[PDB]
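**Student:** Protein chains in written order, with the deposited numbering: chain A, 4 to 227; chain A', 4 to 227; chain A'', 4 to 227. A prime marks a further copy of an entry chain.
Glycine is no exception: its CB is placed at the ideal position from the N, C-alpha and C atoms.
Sharing a structure with you now.
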Amino acid sequence: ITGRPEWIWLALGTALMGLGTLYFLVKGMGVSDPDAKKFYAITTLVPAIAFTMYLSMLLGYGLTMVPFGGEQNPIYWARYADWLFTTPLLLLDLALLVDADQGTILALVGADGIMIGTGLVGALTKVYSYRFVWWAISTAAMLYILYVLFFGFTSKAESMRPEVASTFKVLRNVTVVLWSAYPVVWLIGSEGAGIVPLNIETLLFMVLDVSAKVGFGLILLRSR
Amino acid sequence: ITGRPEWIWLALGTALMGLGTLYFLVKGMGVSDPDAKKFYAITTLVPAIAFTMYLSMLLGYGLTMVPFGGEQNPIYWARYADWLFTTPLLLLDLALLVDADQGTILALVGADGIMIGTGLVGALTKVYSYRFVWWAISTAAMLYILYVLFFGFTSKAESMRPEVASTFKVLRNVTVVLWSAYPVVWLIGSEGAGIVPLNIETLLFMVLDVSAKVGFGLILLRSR
Amino acid sequence: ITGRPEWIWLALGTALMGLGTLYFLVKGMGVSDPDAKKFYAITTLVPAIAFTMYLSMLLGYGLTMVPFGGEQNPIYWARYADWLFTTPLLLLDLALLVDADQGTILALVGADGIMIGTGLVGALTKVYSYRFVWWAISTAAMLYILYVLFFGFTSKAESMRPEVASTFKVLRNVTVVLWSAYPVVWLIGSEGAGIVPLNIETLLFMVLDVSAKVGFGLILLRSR
Ligand SMILES: *C/C=C(C)/C=C/C=C(C)/C=C/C1=C(C)CCCC1(C)C
Ligand SMILES: *C/C=C(C)/C=C/C=C(C)/C=C/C1=C(C)CCCC1(C)C
Ligand SMILES: *C/C=C(C)/C=C/C=C(C)/C=C/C1=C(C)CCCC1(C)C
């Protein structure tokens, strides 16, 4: 509803983000190869930070009251804090893996940058119609990322060790399906056009969350 | 006045930032040399981001009401968001071009960092007299950048290919004149001591804007 | 009390941060070795930025009124702005010195990132009990940094020139004692459980401040 009905999923989300955190920490202990160590460090802040956000979200600090088209709607801007950080870090996990030219890395981060950032302003507009105007400009941002990811990073990927190629594909396909889920979820949800209730919203991004970060966590890190 | 008289220039500014964006995007398509690709990626986020800011500025989100010395004055803090990002990216375009030692790059970004950042606090102070105290400290910041730019980057520049040297000078001279324009513009303007009206302010930074980013865009990117 | 009793220490803190700034600036003038230049640039933004924060803190902008457990308490969020920037830069001074693998650098910055960041949310919670919940999670963050600093960076350090080893130890030991002081100071202080008055708080972080940045300034920079 606005800080009480989904206290559950939230709690559930904190337990999951942080468990995943304690796990990695107690899994990179060994690590000799500095090369892989990178992946580790990265593939760990993500859950950690993710944990801090899902925690303030539960306790309260998370939400805020954005006024749009009639009544006062809930907006865990706390998410965006997270996504603003995680999402880049993730891309790097990808670029870094498939050794991408800094050129594309850079354009890729900034692409994501404008995406999430704008996703925030979207979920912070008072004028009801404008909310979607950013939704638009933002998606355009994502379709960009996914494009120059599923095209390039595929090629370069599939031009080295069989290890990389395959693994890349794993995450790559997941990332695409997973990620894409958002625009819609956001939409049907209370942050955009309120179709489903917050009882849902929370739980949707909740699953997409633990799966994208810890999914991409076990999946990635547990590969050569 | 405060969101209505300059709706024009604003609209005009959005059309220009974004047009420049679509242009680059459809101009880096080819690009084989990863070296130059860097320039591209960079020389593109700038307009893009620039576009997003000038857009929220028009629709509304842009402005805010800062209270100083009597009445309530307008402050498109939205600009600063932009400048906070563009300006560094630009410097990198410069440093990167004239292959500058990370040492100076770093000190240069942070120099700009303190500049824009402080330019914000300046344009956010309630006590009328203090506004200028930051104006001061801030300018000091710029004079720093321009100094260690027009001095160093000139030398190193003029010690390679005739291409670089000349091009550097192009942008370098523009950057200096252009950039400098601000301190004054800001001043005469409503964000500092209100001399000219917002009918102007907007339109001034508007021109200095499209010219600095897209100016530096065509100018730069269209060179070897 | 809340912007008047400690106007002193504050003023004193500004004078010190900025003096240290003018000093470095007029001490890196020479510098031929690009390698060391890095240290310089870094070891300078720190004081500079530090100066800007301690200045807005004195003039006013600094503080804010956070409501927790009864009455309205003061919170120079301005600090956190500072620490959020300085602290990383410092670590880099360390990592960079003892040539640490980017892997650890990265995990180290993000470690600090979550630390300060969370230290803020801590000092921004309304519910009195939660304030300490972040205090906890945050410290955990620091103990992390100090751990993987006093362990690793020691080893790698002590495996090169006698210069480095010794110097590292200097700063390293200082950093540890100094840094640690905070959690407690914060605690006994008004930002956490209000034991001592703001007459103190200010002056404590004031000393720990000028000593950590300018301490680590002269100490570091004045070594081979
Ligand atoms: C851990 C979090 C992850 C992997 C988040 C991914 C998020 C997105 C792809 C979000 C996309 C959005 C839009 C395309 C439109 C505006 C709203 C957003 C930010 C939810
Ligand atoms: C695309 C935007 C560009 C190139 C902006 C450049 C802006 C400046 C050089 C701004 C300077 C300012 C001061 C020197 C004093 C405080 C106010 C500012 C931020 C307008
Ligand atoms: C120039 C500033 C420096 C070196 C600051 C260092 C600050 C810390 C180690 C702060 C630590 C904190 C906690 C461990 C708990 C939450 C409160 C903080 C941010 C004061």
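1) Within 6 Å: the Cβ of A'':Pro91 and any heavy atom of ligand 3?
2) Can you tell me whether A:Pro8 is helix, strand or coil according to DSSP?
3) Report the start-end ranges of each alpha helix (DSSP H) in the segment 9–97 of chain A that is 4 residues or longer and not cut off at the edges.
4) According to the Cβ coordinates, are A':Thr46 and A':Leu211 closer than 7 Å?
5) Using a beta-carbon distance cut-off of less than 8 Å, what residues from the segment 46–72 of chain A' approach chain A?
6) Can you list, in chain order, the residues of its chain whose CB lies under 6 Å from that of A:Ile52, leaving out five sequence neighbours each side?
7) Mind checking if A':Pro186 is an interface residue toward chain A, Cβ cutoff 7 Å exclusive?
8) Using a Cβ-Cβ distance cut-off of 7 Å, determine whether A'':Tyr79 contacts chain A.
9) Is A'':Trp137 buried or exposed, if buried means 16 or more other CB atoms sit within 10 Å of its CB?
10) Where does A':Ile198 fall in DSSP's three states?
11) Kindly list the residues whose CB is nearer than 7 Å to the CB of A'':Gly125, restricted to its own chain and excluding five residues on each side of it in sequence; keep chain order.
12) What residue from A:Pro91, A:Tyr57, A:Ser169 has the CA that sits closest to A'':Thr121's CA?
13) Output, in chain order, the set of chain A'' residues within a Cβ distance shorter than 9 Å of A':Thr107.
14) Taking only runs that begin and end inside the segment 166–200 of chain A'', name each unbroken alpha helix (DSSP H) of 4 or more residues, in chain order.
15) What do you reckon, are the CB atoms on A':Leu66 and A':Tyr79 nearer than 7 Å?
16) For A:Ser132, which of helix, strand or coil comes out of DSSP?
17) Given a cut-off of 7 Å, decide if A'':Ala14 and A'':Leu61 are closer than it, judged by their beta-carbon atoms.
18) Return the CA-CA distance between A:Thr205 and A'':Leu174, expressed in angstroms with no decimal places.
19) Please report the straight-line C-alpha distance between A'':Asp115 and A:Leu99, rounded to a whole angstrom.
20) Mapping the DSSP letters down to three states, classify A:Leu206 as helix, strand or coil.
21) Under the rule that 16 or more other beta-carbon atoms within 10 Å means buried, what is A:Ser59, buried or exposed?
22) Check whether chain A comes within 7 Å of A'':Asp115, counting only Cβ atoms and requiring the distance to be less than that.
23) Whose C-alpha, out of A:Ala168, A:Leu207, A:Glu166, is nearest the C-alpha of A:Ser183?
24) Report, in whole angstroms, the separation of the C-beta atoms of A:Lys41 and A'':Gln105, which I expect to be a contact under 8 Å.
25) What do you reckon, are the CB atoms on A'':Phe54 and A'':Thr24 nearer than 7 Å?
26) Measuring CA to CA, which of A:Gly192, A:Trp189, A:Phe156 is closest to A:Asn176?
27) Report yes if the C-beta distance between A'':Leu149 and A'':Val179 is below 7 Å; otherwise report no.
28) Straight-line CA distance for A:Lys129 to A'':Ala39?
29) Counting only the same chain and skipping the five closest in sequence on each side, list residues whose C-beta sits under 8 Å from that of A'':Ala144.
30) Return the residue from the list A:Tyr147, A:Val69, A:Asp85 that minimises the CA-CA distance to A:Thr107.
31) At the level of alpha carbons, what is the spacing between A':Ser214 and A':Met32?
32) Going by beta carbon distance, what residues of the same chain come within less than 7 Å of A:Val34, once the five residues before and after it are set aside?
33) Find out if the Cβ-Cβ distance for the pair A:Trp86, A:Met209 is shorter than 7 Å.
34) Please go through the same chain and pick out, in chain order, the residues whose beta-carbon is closer than 7 Å to the beta-carbon of A:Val217, but skip the five residues on each side of it.
35) For chain A'', is any of its Cβ atoms less than 7 Å away from the one on A':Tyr133?
36) If you measure beta-carbon to beta-carbon, which residues of the segment 119–131 of chain A are closer than 9 Å to chain A'?
**Tutor:** A quick look at the data gives this:
1) no
2) coil
3) 10–28, 37–62
4) No, these two residues do not count as a Cβ contact at 7 Å.
5) From the segment 46–72 of chain A', only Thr47, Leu48, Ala51, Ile52, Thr55, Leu58, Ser59, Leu62, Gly63, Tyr64 have a Cβ closer than 8 Å to chain A.
6) Cβ neighbours of A:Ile52 within its own chain (closer than 6 Å, five residues either side excluded): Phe88.
7) no
8) no
9) buried
10) Coil.
11) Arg134, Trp137, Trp138, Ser141
12) A:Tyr57
13) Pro37, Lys40, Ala44
14) Counting whole runs of 4 or more residues, the segment 166–200 of chain A'' contains no alpha helix (DSSP H) stretch at all.
15) yes
16) helix
17) With a cutoff of 7 Å on beta-carbon distance, A'':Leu61 and A'':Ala14 are scored as near each other.
18) Roughly 46 Å between the two C-alpha positions.
19) Cα to Cα, A'':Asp115 sits roughly 23 Å from A:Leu99.
20) Reduced to three states, the DSSP call for A:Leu206 is helix.
21) buried
22) no
23) A:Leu207
24) Going by Cβ atoms, the distance from A:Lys41 to A'':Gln105 rounds to 6 Å, so yes, they are a contact pair.
25) yes
26) A:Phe156
27) Cβ distance < 7 Å, so A'':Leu149 and A'':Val179 count as in contact.
28) 51 Å
29) For A'':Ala144, where only same-chain residues beyond five positions count, the Cβ hits under 8 Å are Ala114, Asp115, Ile117, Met118, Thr121.
30) A:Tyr147
31) Annotation: A':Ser214 to A':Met32 spans about 24 Å, alpha carbon to alpha carbon.
32) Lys40, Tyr43
33) Result no, Cβ atoms of A:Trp86 and A:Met209 do not sit closer than 7 Å.
34) Cβ within range, chain order: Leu19, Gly23, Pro50.
35) yes
36) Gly120, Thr121, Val124, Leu127, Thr128, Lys129, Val130
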